[PDB]
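Engineer: File model.txt below, compact mmCIF, C-alpha atoms and all ligand atoms:
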# COMPACT_ATOMS: atom_id res chain seq x y z
CA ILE A 1 0.00 0.00 0.00
CA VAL A 2 1.44 3.41 -1.04
CA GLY A 3 0.58 6.47 1.12
CA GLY A 4 -1.33 4.50 3.74
CA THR A 5 -1.07 4.04 7.52
CA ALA A 6 -0.81 1.07 9.91
CA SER A 7 -4.10 -0.72 10.55
CA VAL A 8 -5.30 -1.34 14.14
CA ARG A 9 -5.69 -5.05 15.17
CA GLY A 10 -9.18 -6.36 14.25
CA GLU A 11 -9.89 -3.45 11.85
CA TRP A 12 -10.12 -5.66 8.67
CA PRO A 13 -10.99 -9.12 10.12
CA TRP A 14 -11.83 -10.58 6.66
CA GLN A 15 -8.25 -9.76 5.44
CA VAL A 16 -5.97 -12.79 5.07
CA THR A 17 -2.35 -13.26 4.05
CA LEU A 18 -1.89 -16.10 1.56
CA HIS A 19 1.57 -17.69 1.77
CA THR A 20 3.34 -20.02 -0.60
CA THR A 21 5.68 -22.68 0.87
CA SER A 22 7.70 -23.35 -2.41
CA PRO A 23 10.73 -23.00 -2.58
CA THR A 24 10.65 -21.17 0.83
CA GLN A 25 7.71 -19.68 2.75
CA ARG A 26 6.77 -16.11 1.85
CA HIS A 27 3.63 -13.90 1.59
CA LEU A 28 2.11 -14.33 -1.92
CA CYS A 29 -1.13 -12.29 -1.99
CA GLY A 30 -4.00 -10.87 0.01
CA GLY A 31 -7.47 -12.44 0.18
CA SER A 32 -10.84 -11.99 1.90
CA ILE A 33 -12.86 -14.39 4.07
CA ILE A 34 -16.35 -14.60 2.48
CA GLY A 35 -17.60 -17.87 4.03
CA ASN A 36 -16.46 -20.34 6.68
CA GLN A 37 -14.36 -22.40 4.21
CA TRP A 38 -13.96 -19.71 1.50
CA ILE A 39 -11.35 -17.11 0.56
CA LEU A 40 -11.95 -14.73 -2.37
CA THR A 41 -8.73 -13.56 -4.10
CA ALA A 42 -7.24 -12.78 -7.56
CA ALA A 43 -6.67 -15.48 -10.20
CA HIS A 44 -3.25 -13.96 -11.22
CA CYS A 45 -1.91 -14.85 -7.71
CA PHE A 46 -1.68 -18.50 -8.83
CA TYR A 47 0.64 -17.95 -11.80
CA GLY A 48 3.09 -20.89 -11.60
CA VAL A 49 1.26 -22.46 -8.57
CA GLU A 50 0.97 -26.14 -9.59
CA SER A 51 -0.81 -27.39 -6.46
CA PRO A 52 -2.91 -26.10 -3.51
CA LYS A 53 -0.54 -28.20 -1.26
CA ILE A 54 2.03 -25.36 -1.23
CA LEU A 55 -0.52 -22.77 0.08
CA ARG A 56 -1.19 -21.54 3.63
CA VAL A 57 -3.94 -19.11 4.56
CA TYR A 58 -3.37 -17.07 7.76
CA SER A 59 -6.31 -15.15 9.27
CA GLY A 60 -6.43 -12.85 12.33
CA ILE A 61 -2.98 -11.46 11.49
CA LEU A 62 -1.97 -7.83 11.94
CA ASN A 63 1.81 -8.29 11.72
CA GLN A 64 3.64 -10.74 9.43
CA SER A 65 6.04 -11.33 12.46
CA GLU A 66 3.09 -13.19 14.15
CA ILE A 67 3.77 -15.98 11.58
CA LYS A 68 6.30 -18.64 12.61
CA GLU A 69 6.45 -22.44 12.12
CA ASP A 70 4.11 -22.94 15.15
CA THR A 71 1.48 -20.39 13.85
CA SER A 72 -1.85 -22.00 12.95
CA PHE A 73 -3.04 -21.65 9.33
CA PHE A 74 -5.71 -23.06 6.98
CA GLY A 75 -4.70 -25.55 4.32
CA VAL A 76 -6.18 -25.16 0.83
CA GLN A 77 -8.24 -28.09 -0.51
CA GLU A 78 -8.98 -26.49 -3.91
CA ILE A 79 -8.04 -23.46 -6.06
CA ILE A 80 -11.02 -22.37 -8.23
CA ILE A 81 -10.01 -19.92 -10.98
CA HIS A 82 -12.72 -18.32 -13.19
CA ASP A 83 -12.53 -20.36 -16.40
CA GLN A 84 -12.66 -17.21 -18.63
CA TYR A 85 -9.49 -15.89 -16.89
CA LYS A 86 -6.44 -15.38 -19.15
CA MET A 87 -4.61 -12.43 -17.42
CA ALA A 88 -5.29 -9.61 -14.94
CA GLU A 89 -5.45 -6.90 -17.65
CA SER A 90 -8.23 -8.75 -19.57
CA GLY A 91 -10.47 -9.28 -16.51
CA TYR A 92 -12.10 -12.34 -14.85
CA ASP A 93 -9.31 -11.87 -12.27
CA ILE A 94 -11.09 -13.79 -9.56
CA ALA A 95 -10.44 -17.03 -7.69
CA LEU A 96 -11.79 -18.95 -4.70
CA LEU A 97 -9.80 -20.99 -2.21
CA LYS A 98 -11.78 -23.82 -0.61
CA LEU A 99 -10.18 -24.36 2.79
CA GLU A 100 -9.44 -27.83 4.22
CA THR A 101 -11.04 -26.88 7.57
CA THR A 102 -13.60 -24.23 8.63
CA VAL A 103 -12.79 -20.79 10.03
CA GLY A 104 -14.19 -20.30 13.54
CA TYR A 105 -15.52 -16.74 13.47
CA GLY A 106 -14.61 -14.23 16.18
CA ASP A 107 -13.53 -10.58 16.63
CA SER A 108 -10.15 -11.36 14.84
CA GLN A 109 -11.52 -13.30 11.79
CA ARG A 110 -14.95 -12.97 10.24
CA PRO A 111 -16.46 -12.61 6.72
CA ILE A 112 -17.07 -9.50 4.71
CA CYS A 113 -20.52 -9.24 2.98
CA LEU A 114 -20.54 -9.53 -0.78
CA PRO A 115 -22.28 -6.59 -2.58
CA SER A 116 -26.02 -6.94 -3.32
CA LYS A 117 -27.30 -6.99 -6.98
CA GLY A 118 -29.52 -4.01 -6.02
CA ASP A 119 -26.36 -2.17 -4.84
CA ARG A 120 -25.03 -1.93 -8.48
CA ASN A 121 -26.55 1.62 -8.46
CA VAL A 122 -25.27 2.67 -4.96
CA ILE A 123 -22.44 5.25 -4.77
CA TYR A 124 -19.74 4.18 -2.30
CA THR A 125 -17.93 7.14 -0.69
CA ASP A 126 -16.00 5.26 2.07
CA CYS A 127 -13.63 2.75 0.34
CA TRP A 128 -10.37 1.35 1.65
CA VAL A 129 -7.57 -0.76 0.14
CA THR A 130 -5.54 -2.92 2.56
CA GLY A 131 -2.51 -5.17 2.46
CA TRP A 132 1.13 -5.94 3.35
CA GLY A 133 2.38 -4.83 -0.09
CA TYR A 134 5.16 -2.38 -1.06
CA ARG A 135 4.95 1.30 0.00
CA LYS A 136 6.74 2.29 -3.26
CA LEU A 137 7.59 0.57 -6.59
CA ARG A 138 10.89 -0.91 -5.31
CA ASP A 139 10.38 -1.88 -1.68
CA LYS A 140 9.59 -4.98 0.40
CA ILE A 141 6.55 -6.67 2.02
CA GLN A 142 5.50 -4.72 5.14
CA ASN A 143 5.27 -6.23 8.62
CA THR A 144 2.09 -4.29 9.58
CA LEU A 145 -1.14 -4.45 7.54
CA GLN A 146 -1.55 -1.02 5.88
CA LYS A 147 -4.74 0.81 4.88
CA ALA A 148 -5.51 3.70 2.49
CA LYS A 149 -8.82 5.47 1.80
CA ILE A 150 -9.30 5.74 -1.99
CA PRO A 151 -12.19 7.25 -4.07
CA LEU A 152 -13.94 5.13 -6.72
CA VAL A 153 -13.52 6.36 -10.32
CA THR A 154 -16.25 5.96 -13.02
CA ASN A 155 -15.64 3.40 -15.82
CA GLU A 156 -15.57 6.36 -18.34
CA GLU A 157 -12.81 8.19 -16.44
CA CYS A 158 -10.83 4.96 -15.86
CA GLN A 159 -10.95 4.16 -19.60
CA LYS A 160 -9.54 7.67 -20.37
CA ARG A 161 -6.63 6.84 -17.99
CA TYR A 162 -5.85 3.50 -19.63
CA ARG A 163 -5.52 4.24 -23.35
CA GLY A 164 -4.71 0.96 -25.09
CA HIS A 165 -6.64 -1.18 -22.56
CA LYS A 166 -10.29 -2.14 -22.55
CA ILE A 167 -11.72 -1.15 -19.13
CA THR A 168 -14.91 -3.25 -18.82
CA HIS A 169 -17.83 -2.96 -16.38
CA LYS A 170 -16.44 -6.19 -14.77
CA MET A 171 -13.57 -3.93 -13.53
CA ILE A 172 -13.87 -1.08 -11.00
CA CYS A 173 -11.23 1.62 -10.61
CA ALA A 174 -10.12 3.64 -7.62
CA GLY A 175 -7.54 6.38 -7.11
CA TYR A 176 -6.86 10.10 -6.74
CA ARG A 177 -6.31 12.10 -9.95
CA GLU A 178 -2.97 13.36 -8.47
CA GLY A 179 -2.01 9.83 -7.32
CA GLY A 180 -0.24 9.19 -4.02
CA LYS A 181 -2.48 6.47 -2.49
CA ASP A 182 -2.93 3.00 -4.03
CA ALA A 183 -2.25 -0.70 -3.77
CA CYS A 184 1.22 -1.89 -4.79
CA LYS A 185 3.21 -5.19 -5.27
CA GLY A 186 2.06 -7.78 -2.69
CA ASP A 187 -1.41 -6.26 -2.16
CA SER A 188 -3.11 -8.04 -5.10
CA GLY A 189 -5.88 -10.49 -4.27
CA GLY A 190 -6.74 -8.40 -1.22
CA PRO A 191 -9.99 -6.46 -0.67
CA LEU A 192 -11.28 -3.02 -1.70
CA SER A 193 -13.73 -2.69 1.25
CA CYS A 194 -16.52 -0.02 1.16
CA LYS A 195 -18.73 0.90 4.15
CA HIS A 196 -22.39 1.52 3.29
CA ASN A 197 -25.32 1.89 5.79
CA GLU A 198 -22.85 0.88 8.59
CA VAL A 199 -22.03 -2.47 6.76
CA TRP A 200 -18.74 -3.29 4.98
CA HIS A 201 -19.04 -4.72 1.46
CA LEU A 202 -16.37 -6.42 -0.65
CA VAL A 203 -16.53 -4.08 -3.66
CA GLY A 204 -13.23 -4.90 -5.36
CA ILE A 205 -10.37 -7.40 -5.58
CA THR A 206 -6.91 -5.65 -5.98
CA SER A 207 -5.89 -6.59 -9.54
CA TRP A 208 -3.56 -4.36 -11.58
CA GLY A 209 -2.29 -0.86 -12.38
CA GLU A 210 0.44 0.94 -14.36
CA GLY A 211 3.08 1.25 -11.58
CA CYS A 212 1.75 2.20 -8.10
CA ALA A 213 -0.09 5.41 -7.03
CA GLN A 214 0.88 7.35 -10.16
CA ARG A 215 -0.97 10.52 -11.11
CA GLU A 216 -3.93 9.68 -13.44
CA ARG A 217 -3.37 5.87 -13.13
CA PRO A 218 -6.11 4.49 -10.84
CA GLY A 219 -5.79 0.99 -9.41
CA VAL A 220 -7.94 -1.52 -11.36
CA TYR A 221 -9.98 -3.96 -9.27
CA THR A 222 -12.20 -6.93 -10.11
CA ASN A 223 -15.76 -5.51 -9.76
CA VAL A 224 -17.07 -8.09 -7.24
CA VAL A 225 -20.84 -7.25 -7.73
CA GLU A 226 -20.52 -8.57 -11.36
CA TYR A 227 -19.35 -11.97 -10.01
CA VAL A 228 -21.85 -12.59 -7.17
CA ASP A 229 -23.63 -15.30 -9.25
CA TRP A 230 -20.29 -16.96 -10.17
CA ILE A 231 -19.27 -16.97 -6.43
CA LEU A 232 -22.66 -18.52 -5.41
CA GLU A 233 -22.36 -21.06 -8.25
CA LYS A 234 -19.00 -22.25 -6.86
CA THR A 235 -19.71 -21.96 -3.08
CA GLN A 236 -23.41 -23.13 -3.02
CA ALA A 237 -22.96 -26.11 -5.41
CA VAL A 238 -25.28 -29.24 -5.28
CA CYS B 11 -25.61 -9.29 5.06
CA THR B 12 -28.20 -9.64 2.20
CA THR B 13 -25.97 -11.99 0.09
CA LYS B 14 -25.77 -15.37 1.95
CA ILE B 15 -22.87 -17.93 1.75
CA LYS B 16 -23.90 -21.39 3.18
CA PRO B 17 -21.57 -23.16 5.70
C1 LIG A 301 9.00 -11.94 1.11
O1 LIG A 301 7.83 -12.14 0.26
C2 LIG A 301 7.74 -11.35 -0.82
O2 LIG A 301 8.59 -10.55 -1.15
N1 LIG A 301 6.58 -11.61 -1.48
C3 LIG A 301 6.07 -10.96 -2.64
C4 LIG A 301 6.55 -9.75 -3.16
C5 LIG A 301 5.94 -9.19 -4.27
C6 LIG A 301 4.89 -9.83 -4.93
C7 LIG A 301 4.45 -11.08 -4.44
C8 LIG A 301 5.04 -11.62 -3.30
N2 LIG A 301 3.41 -11.80 -5.10
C9 LIG A 301 3.49 -12.32 -6.35
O3 LIG A 301 4.43 -12.10 -7.11
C10 LIG A 301 2.31 -13.17 -6.75
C11 LIG A 301 1.81 -12.84 -8.16
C12 LIG A 301 1.34 -11.44 -8.30
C13 LIG A 301 1.72 -10.57 -9.21
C14 LIG A 301 1.30 -9.14 -9.31
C15 LIG A 301 1.33 -8.39 -7.96
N3 LIG A 301 0.82 -7.01 -8.08
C16 LIG A 301 1.16 -6.28 -9.31
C17 LIG A 301 0.68 -4.83 -9.21
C18 LIG A 301 -0.66 -4.78 -8.50
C19 LIG A 301 -1.36 -3.45 -8.40
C20 LIG A 301 -0.66 -2.25 -8.44
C21 LIG A 301 -1.32 -1.04 -8.33
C22 LIG A 301 -2.70 -1.00 -8.19
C23 LIG A 301 -3.40 -2.19 -8.13
CL1 LIG A 301 -5.13 -2.16 -7.90
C24 LIG A 301 -2.75 -3.41 -8.24
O4 LIG A 301 -0.43 -5.30 -7.15
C25 LIG A 301 0.21 -6.47 -7.00
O5 LIG A 301 0.25 -6.96 -5.90
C26 LIG A 301 2.69 -8.50 -7.35
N4 LIG A 301 2.93 -9.10 -6.20
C27 LIG A 301 4.30 -9.17 -6.10
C28 LIG A 301 4.86 -8.59 -7.21
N5 LIG A 301 3.83 -8.17 -7.98
Could you quickly redo this structure as structure tokens?
Ligand SMILES: COC(=O)Nc1ccc2c(c1)NC(=O)CC/C=C/C[C@H](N1CC[C@H](c3cccc(Cl)c3)OC1=O)c1nc-2c[nH]1
Structural biologist:
Amino acid sequence: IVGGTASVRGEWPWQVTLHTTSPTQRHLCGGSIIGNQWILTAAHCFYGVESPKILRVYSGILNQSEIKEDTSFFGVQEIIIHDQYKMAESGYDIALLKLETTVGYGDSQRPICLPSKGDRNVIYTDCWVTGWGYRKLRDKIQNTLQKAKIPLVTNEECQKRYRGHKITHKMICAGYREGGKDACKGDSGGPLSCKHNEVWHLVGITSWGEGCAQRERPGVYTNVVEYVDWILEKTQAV
Amino acid sequence: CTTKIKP
């Protein structure tokens, strides 16, 4: 996260840190708890991931230093990537992780509500991007979960900012015209959380951008409301 | 939480 501040413990209890174990253990991506055995994240996070056996999901974490060999985690039973996904820049950048065991909800780990189909017309004015990503283009993963308040940008304005790309309605953009606050390397897969009528909604999945926090380059997020039926298809099967 | 995800 560029231009953000340290989160307080329990502030974003749906936020997870997804780690890879191969060749050595390191943070891979962010993700969001959406159900008691379900993490919603970005499909591009799994580039080169040949098996869910190398993945570890840690919830209720503020600081990466809380993670040691004796730290409890959730194993991943299945990686479900949208089957229209080709690359982040072309959309469908969405994936589900089916966990091997269930998350016991509490004040440190609980789900974020998905947006409602009726909320496609609502204007969100209180949106935040979170993660342990870089604070600048060439940096390192942060110990403390960072947060940054970012305004949503219309599809029309986002398309003007990304000449040469096709910004679809399955994408949602967020950023200041002058830049300065955005997601960066290591934040992808994490949430864009918007508070509406005192309830937090998972509006976006951190996906891609041209650099980080540049003037007139908003962050591009998977527009979660456009995938509610896909999520229910995969999580409510049989 | 209008949208419901079954356990
Ligand atoms: C000690 O452990 C580490 O050092 N771990 C680590 C360090 C960096 C990264 C990763 C892990 N994870 C991957 O490589 C997984 C594959 C993901 C690829 C794209 C991803 N990304 C690209 C830009 C994008 C972005 C920018 C601006 C606005 C938006 Cl809305 C999105 O954010 C992002 O995280 C990114 N993550 C990393 C590099 N790049």
Engineer: What lies within 10 Å of range 167-179 of chain A using all atoms listed in the file, ignoring chain neighbours under 3 positions off, as a PyMOL selection string?
Structural biologist: chain A and resi 2-3+89-93+127-129+149-164+182-183+192+203-209+212-227
Engineer: With a distance threshold of 6 Å and counting all atoms listed in the file, extract the residues of chain B near chain A and express them as a PyMOL selection string.
Structural biologist: chain B and resi 11+15+17
Engineer: Hey, can you check how far atom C15 of ligand LIG 301 (chain A) sits from CA of residue 134 in chain A?
Structural biologist: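 CA of residue 134 in chain A lies at a distance of 9.9 Å from atom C15 of ligand LIG 301 (chain A).
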Engineer: For a quick check of understanding, using all atoms listed in the file, which of A:194, A:43, A:238, A:202 has the smallest distance to residue 13 in chain B?
Structural biologist: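 Looking only at the distances to residue 13 in chain B, the closest residue turns out to be A:202.
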Engineer: Can you tell me, as AutoDock Vina command-line options, the centre and edge lengths (Å, one decimal) of the axis-aligned box enclosing all of ligand LIG 301 (chain A)'s listed atoms after padding each side by 3 Å?
Structural biologist:
--center_x 1.9 --center_y -7.1 --center_z -4.1 --size_x 20.1 --size_y 18.2 --size_z 16.4
Engineer: What is the CA of residue 81 in chain A to CA of residue 7 in chain A distance in Å?
Structural biologist: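 Interatomic distance here is 29.4 Å.
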Engineer: What does the structure give for the distance between CA of residue 83 in chain A and atom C3 of ligand LIG 301 (chain A), in Å to one decimal?
Structural biologist: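 Those two atoms sit 25.0 Å apart.
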Engineer: Need the shell around residue 11 in chain A: protein/DNA/RNA residues with any atom at most 12 Å away, counting only C-alpha atoms. Skip same-chain ones fewer than 4 positions apart. Format as a PyMOL selection string?
Structural biologist: chain A and resi 6-7+15+60-62+107-110+112+128+130+145-147+193+200
Engineer: Smallest atom-to-atom distance to residue 67 in chain A: which of A:25, A:138, A:79, A:47, using only C-alpha atoms?
Structural biologist: A:25
Engineer: Using all atoms listed in the file, which of the listed residues (A:76, A:45, A:18, A:40) sits closest to ligand LIG 301 (chain A)?
Structural biologist: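 Residue with the minimum atom-to-atom distance to ligand LIG 301 (chain A): A:45.
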Engineer: Looking at A:59, A:121, A:84, A:41, which one is nearest to ligand LIG 301 (chain A), with distances taken over all atoms listed in the file?
Structural biologist: A:41
